[PDB]
Amino acid sequence: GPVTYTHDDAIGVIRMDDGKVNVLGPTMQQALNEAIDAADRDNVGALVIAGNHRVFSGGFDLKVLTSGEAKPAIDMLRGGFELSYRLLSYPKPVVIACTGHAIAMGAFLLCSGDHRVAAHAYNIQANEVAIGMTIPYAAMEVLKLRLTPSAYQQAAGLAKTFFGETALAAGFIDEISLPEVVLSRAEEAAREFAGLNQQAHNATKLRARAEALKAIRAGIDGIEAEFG
Amino acid sequence: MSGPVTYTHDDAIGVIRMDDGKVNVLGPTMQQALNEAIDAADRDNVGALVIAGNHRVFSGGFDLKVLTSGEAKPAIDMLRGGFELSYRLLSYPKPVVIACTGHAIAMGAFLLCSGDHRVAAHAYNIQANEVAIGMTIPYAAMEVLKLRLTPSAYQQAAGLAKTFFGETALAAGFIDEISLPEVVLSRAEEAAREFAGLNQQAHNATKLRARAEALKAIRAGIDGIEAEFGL
Amino acid sequence: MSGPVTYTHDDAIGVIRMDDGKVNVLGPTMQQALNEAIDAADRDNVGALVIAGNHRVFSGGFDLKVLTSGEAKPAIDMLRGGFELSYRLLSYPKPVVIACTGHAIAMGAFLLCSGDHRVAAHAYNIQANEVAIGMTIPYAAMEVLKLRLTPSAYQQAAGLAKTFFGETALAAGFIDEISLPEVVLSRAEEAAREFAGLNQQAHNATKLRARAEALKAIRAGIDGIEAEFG
């Protein structure tokens with residue numbers, strides 16, 4: 001499978017590896033939702049999402065997006081932004097182990113966790129405008145939730161690439177570690193966050209995100225308009 | 001036994017220094033003394049106002065015993081008066097400088113974020129610790145944090161009870177300036193004397209345009225204090 | 001003598017340079033010359049647009065003589081035309097690069113905040129000095145400031161007339177890149193050429209999604225300009 005799920009009495013860990021660049025297509029999206037389903041059933045104290053040794057995620061399957069029937073593309077875009085909503089509204093602390101580059105939907109997923117760890121050399125970019133695509137509204141709201149006002153303008157309108165210290169200052173990540181310890185740090189942070197009071201964490205995080213979550217929902221409902 | 005606030009002033013600034021001999025808890029006595037000191041600064045028509053803590057802390061926040069035990073009315077009245085003070089400082093017609101002379105925890109941090117310019121030292125921990133101790137951050141406090149913190153720091157400070165100090169507190173938007181611990185107070189007074197040179201009328205008008213929506217949301221949070229306890 | 005604005009272009013970018021021989025006040029002449037220069041860039045359909053100041057400033061802001069004395073109409077018309085320029089640049093369908101070639105004060109700073117990418121040098125003061133000289137920042141300008149500054153920088157820039165320079169201006173959101181003074185303009189041109197390589201239709205659509213709410217509020221501030229004078 002393209003997703004591995006492991007857990008203990010404290011945390012759950014969901015690791016993406018399709019042997020390539022972790023495209024968020026239907027297979028990968030289904031595997032992720034099934035993994036989060038398990039962590040829901042297992043009632044983990046916190047949850048880690050990690051990529052592979054090559055990338056965090058290169059984003060949506062560009063073949064689906066650029067050719068063929070609109071319905072597969074619509075469903076891929078919807079399921080991807082629904083995952084973001086699911087993570088941004090997750091009742092447990094969510095830690096992202098950005099184990100490689102995070103591009104476009106990979107970057108929006110990166111911005112869907114409570115704490116995000118990457119290494120200095122990992123490029124983070126919403127490259128839509130550079131490849132001829134308009135960033136969907138649901139994606140804009142996720143970016144607006146995390147980036148500084150000025151980084152938001154450059155990331156979206158200019159397809160700007162961030163890495164390490166500039167990604168940290170921009171609000172794309174929360175912590176920098178060495179590449180070989182990105183995952184262990186994320187697991188370690190997840191354990192710390194599992195020690196927070198779960199009920200107060202969920203109530204407070206939803207207070208910090210309620211308006212953004214509603215706008216993300218309207219963006220998901222309006223996905224068809226993004227195709228015309 | 002004497003009051004927990006010292007007020008001094010000259011022809012330019014007023015200085016309000018909290019010291020209850022402990023951690024400057026923001027209980028009924030401290031709130032009353034603070035409001036009385038600000039009343040004095042209003043009457044004296046100071047050009048700017050400094051709020052400072054003591055040797056140990058800026059403020060450790062509300063009295064946790066009142067919050068976790070007993071009748072809701074003492075708890076409700078304490079939270080309301082605390083967030084009312086934040087409203088008062090955030091809408092003060094003169095520039096307000098915070099001399100963060102120690103750690104600022106929970107309501108200590110929300111008060112910290114209620115002044116126009118905030119000076120702290122490298123080792124002073126700044127944290128809204130509510131989530132770590134089983135409390136949901138009130139709406140009035142959420143609005144204060146959102147007014148000043150960067151988007152990502154707001155998320156971590158509130159949802160993860162993250163602790164900030166010095167350069168990371170500066171980067172987060174919890175403070176505006178770092179000084180050595182022994183010059184935090186003199187630096188804050190210096191800034192206050194500079195800010196008193198601003199045009200007061202334009203300062204008040206402009207700061208209120210910069211805060212109108214947040215203040216209204218802070219007012220709504222103060223009115224809904226009962227909802228934070230379950231009515 | 002000459003006009004206060006120079007417009008030149010090639011097949012990729014256009015460059016607009018402000019130089020009234022002083023501090024580039026955004027009075028009626030400069031504003032008209034600016035709008036005419038942007039009109040030319042529109043006709044030429046440039047891929048990206050550079051706005052630059054002179055060797056002394058980016059711009060010192062509005063004409064204070066117009067603002068502080070005489071009939072209200074010249075002042076109102078000046079304020080409106082200045083914020084209309086910010087609206088025009090913030091909603092420009094091409095990438096706009098600001099070559100901040102000197103200090104940028106008050107409306108100069110608000111204009112600086114109207115481009116997509118902002119290049120300055122370390123020594124250049126960026127400041128909305130309104131409160132220090134007795135003026136309330138108009139609503140339209142606050143919306144421009146709020147679009148770009150971090151929440152805390154916003155509070156200090158507006159309420160405290162805080163001055164920003166280099167790394168502090170960069171961290172605040174007043175600029176996006178720092179260059180040595182003699183390369184501010186050429187670096188801005190280089191960046192503008194890169195940005196012309198973006199997909200124009202996606203850049204315009206995406207930037208308007210990032211700004212729609214602020215632009216609506218800037219329009220309301222422009223409609224309410226008379227209320228700023230009473």
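All heavy atoms count here, side chains included; hydrogens, waters and symmetry mates do not. Quick note on labels: first sequence line is chain A, next is B, and so on, each numbered from 1.
Distance alone, capped at 3.5 Å, places no donor-acceptor pair between the A/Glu128 side chain and the A/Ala104 backbone. Judged purely by atom type and a 3.5 angstrom limit, A/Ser112 has no side-chain atom pairing as donor or acceptor with the backbone of A/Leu88. Formation of a donor-acceptor pair under 3.5 Å by the C/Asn199 side chain with backbone atoms of C/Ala202 is found in this model. A donor-acceptor distance shorter than 3.5 angstrom exists from the side chain of C/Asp10 to the backbone of C/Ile13, with no hydrogens or angles considered. For A/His101 (side chain) and A/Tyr122 (main-chain N/O), no donor-acceptor pair under 3.5 Å exists by modelled atom type. Side-chain atoms of C/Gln200 do not come within 3.5 Å of backbone N or O of C/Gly47 as any donor-acceptor pair. Remark: the backbone N or O of A/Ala208 is paired with a side-chain donor or acceptor of B/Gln155 at under 3.5 angstrom. Side-chain atoms of C/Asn45 never come within 3.5 Å of backbone atoms of C/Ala41 as a donor-acceptor pair (strictly under, hydrogens ignored). Here the side chain of A/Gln29 pairs a donor or acceptor atom with the backbone of A/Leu24 at under 3.5 angstrom. Looking at C/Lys94, its side chain does come within 3.5 Å of a backbone N or O of C/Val46 through a donor-acceptor pair.
Expressed to the nearest 0.5 Å, how far OG1 of C/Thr8 lies from CD1 of C/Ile16 amounts to 9.5 Å. Rounding to the nearest 0.5 Å places CG of A/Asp75 at 12.0 Å from CD of A/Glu82. The distance from the CG atom of C/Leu89 to the CG atom of C/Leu112 is 11.0 Å, given to the nearest 0.5 Å. Rounding to the nearest 0.5 Å gives a distance of 6.0 Å between CD of A/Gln154 and CZ of C/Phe195.
Salt bridge status for A/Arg78 with A/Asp221: absent, with no side-chain N to carboxylate O gap under 4.0 Å. Salt bridge A/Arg185/A/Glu188: present, at least one basic N to carboxylate O contact under 4.0 Å. Between A/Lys160 and C/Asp116 there is no salt bridge, since no side-chain N of the basic residue sits under 4.0 Å from a carboxylate O of the acidic one. Contact check on B/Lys146 versus B/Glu213 returns no salt bridge, with no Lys/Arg side-chain nitrogen under 4.0 Å from an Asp/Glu carboxylate oxygen. A salt bridge links B/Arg148 with B/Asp176: at least one charged nitrogen is closer than 4.0 Å to a carboxylate oxygen.
Outside the 6.0 Å centre-distance limit, the rings of C/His122 and C/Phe165 are not counted as a close aromatic pair.
Relative ring orientation between A/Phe108 and A/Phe81 is described as tilted, the plane-to-plane angle lying within the 30° to 60° band. The aromatic rings of B/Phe174 and B/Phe164 are tilted relative to each other, their planes meeting at an angle between 30° and 60°.
Figure legend: cation-pi geometry between C/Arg209 and A/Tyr137, with NZ or CZ positioned under 6.0 Å from the six-membered ring centre and within 45° of its axis.
Among all heavy-atom pairs drawn from A/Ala159 and C/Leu198, the shortest one is CB-CD2, 4.3 Å. Between C/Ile178 and C/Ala121, the closest heavy-atom pair is CG2-C, 4.2 Å. Of all the heavy atoms in C/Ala99 and C/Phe58, the pair that sits closest is O-CD1, 3.6 Å. Closest non-hydrogen pair, C/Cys113 versus C/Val144, comes out as CB-CG1, 3.5 Å. The two residues A/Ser177 and A/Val117 have their closest heavy-atom pair at OG-CG1, 3.7 Å. Residue C/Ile126 comes nearest to C/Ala109 through the heavy atom pair CG2-CB, 4.1 Å, listed as atom of the first residue, atom of the second, then distance.
Side-chain contact, A/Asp40 with A/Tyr90: a donor N or O sits under 3.5 Å from an acceptor N or O. For the residue pair A/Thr99 and A/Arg54, no side-chain donor N or O sits within less than 3.5 Å of a side-chain acceptor on the partner.
Between A/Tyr5 and A/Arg15 the shortest side-chain heavy-atom distance does not fall below 4.5 Å. Taking the side chain as every heavy atom from C-beta outward, A/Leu206 and A/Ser89 approach each other to under 4.5 Å. Side chains of A/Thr27 and A/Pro2 form a contact here, defined as non-hydrogen atoms less than 4.5 Å apart.
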*Working for side-chain hydrogen bond (donor to acceptor under 3.5 Å, both in side chains), residues C/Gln127 and C/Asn125*: CA-CA 6 Å; C/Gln127 172 190 29; C/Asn125 177 38; 3.2 Å; yes
*Would you sort out whether C/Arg118 and A/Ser150 count as a side-chain hydrogen bond (donor to acceptor under 3.5 Å, both in side chains), showing the intermediate values?*
CA-CA 10 Å; C/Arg118 305 158 292 172; A/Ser150 275; 2.9 Å; yes
_side chain to side chain contact (heavy atoms under 4.5 Å, CB included) between C/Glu189 and C/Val15, intermediate numbers included_ = CA-CA 8 Å; C/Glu189 297 187 357; C/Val15 183; 3.8 Å; yes
*Hey, mind stepping through C/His203 and A/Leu158 against side chain to side chain contact (heavy atoms under 4.5 Å, CB included) and telling me if it holds?*
CA-CA 7 Å; C/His203 166 74; A/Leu158 297 177; 3.9 Å; yes
*Let me see the working for A/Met28 and A/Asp18 under side chain to side chain contact (heavy atoms under 4.5 Å, CB included), right down to the final yes or no.*
CA-CA 8 Å; A/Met28 179 67 238; A/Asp18 65 351; 5.6 Å; no
*Check step by step if side chain to side chain contact (heavy atoms under 4.5 Å, CB included) holds for A/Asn127 and A/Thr161.*
CA-CA 8 Å; A/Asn127 68 340; A/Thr161 301; over 6 Å; no
